[PDB]
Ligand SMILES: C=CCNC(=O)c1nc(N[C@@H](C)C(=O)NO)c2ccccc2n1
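The form solved without the ligand is given below as one chain in structure tokens.
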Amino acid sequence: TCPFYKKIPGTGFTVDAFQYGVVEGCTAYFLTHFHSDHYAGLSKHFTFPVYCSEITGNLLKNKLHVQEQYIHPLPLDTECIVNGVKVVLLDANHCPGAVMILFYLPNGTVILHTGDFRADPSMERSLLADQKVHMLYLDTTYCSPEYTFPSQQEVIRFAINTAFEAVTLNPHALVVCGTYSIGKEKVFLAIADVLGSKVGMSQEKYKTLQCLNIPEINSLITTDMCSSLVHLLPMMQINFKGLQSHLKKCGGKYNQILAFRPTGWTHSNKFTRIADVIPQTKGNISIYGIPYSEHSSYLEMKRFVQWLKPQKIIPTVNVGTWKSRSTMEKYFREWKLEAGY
């Protein structure tokens, strides 16, 4: 049964609630983004209206075979009426196609559902600037002050400089990047761009990327692995055994692998600066874990909330333990006392 924090009061709507069967009272199912913990349950046999971004709706039709007549894509930054309720979709700064949803309830209440997001000061000048928000359904993934990480731009600078040095030292080095979902495409695209190469990958992953409306993509990716020196592999294969096996398959074209695992946070964040990050090495294989996050840090989250000044916060992540829930509530009260709302 569907948990309360997936239900929008005063409407017929749910958010990211496809694994519960037919939800009683639901007339429209919203999907914030195409990540499996959120789409779990969708398939070609789904026959209720699904509301989403254009990019999410391309992935629904092509990857999950949802029939077209049930996909209702909405443009971003545009007031739309759904089953008699005004809604707006906003960019969530998460993975491609990911949105936050503003609901303007018939009684005057305004609710923001962040989906998954990485808060940014640019959001303070979207359509959120223009009215009061009463209730915030908040992505609390990293809601504790230990969670610090660098900007995406610093992490990509590290990656490009590391790859360009290695390959200029050794033109027979292969670069490998791990993936298991959409998101984080800048990692492998920025490295292929500095090297003058396309990114090579499986037909299944090429198919996924072709649904993303990324400009000039035909110029940047390929299924011809032999023509590429940046390869994408499943995240599970980014270990010394998996990479040794891959290097065998390349037929003596290469004699070294430099590999990247874009993690979110890891405890090596609490001690070490990005500049100081080092790989794990075995023979001619090196693996870098790089802290490329598509979720808010603690400080980014706190800034957004202190700017928005909601009357009520409903966390959507870390809600399964009493210790987590008590920790989050304590920070919410701090933020409200410091800012004065």
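Numbering starts at 1 and follows the sequence shown.
What follows is about the form solved in complex with the ligand, which we do not show.
Enquirer: Considering the ligand in the deposited bound form, which of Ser36, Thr47, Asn62, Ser43 comes within 4.5 Å of it through any heavy atom?
Expert: Going through each option in turn, the one that passes is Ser36.
Enquirer: Mind telling me which stretch in 78-86, 150-158, 195-203, 178-186 gets its heavy atoms within 4.5 Å of the ligand in the deposited bound form?
Expert: Heavy-atom contact with the partner occurs in 178-186.
Enquirer: Quick one: does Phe103 come within 4.5 Å of the ligand in the deposited bound form, counting heavy atoms only?
Expert: Output for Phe103 is no: heavy atoms all beyond 4.5 Å of the ligand.
Enquirer: Going by a heavy atom distance of 4.5 Å, is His94 a contact of the ligand in the deposited bound form?
Expert: Yes, contact at 4.5 Å.
Enquirer: Classify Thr141 as contacting or not contacting the ligand in the deposited bound form by the rule of any non-hydrogen atom within 4.5 angstroms, answering yes or no.
Expert: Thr141: contacts the ligand in the deposited bound form.
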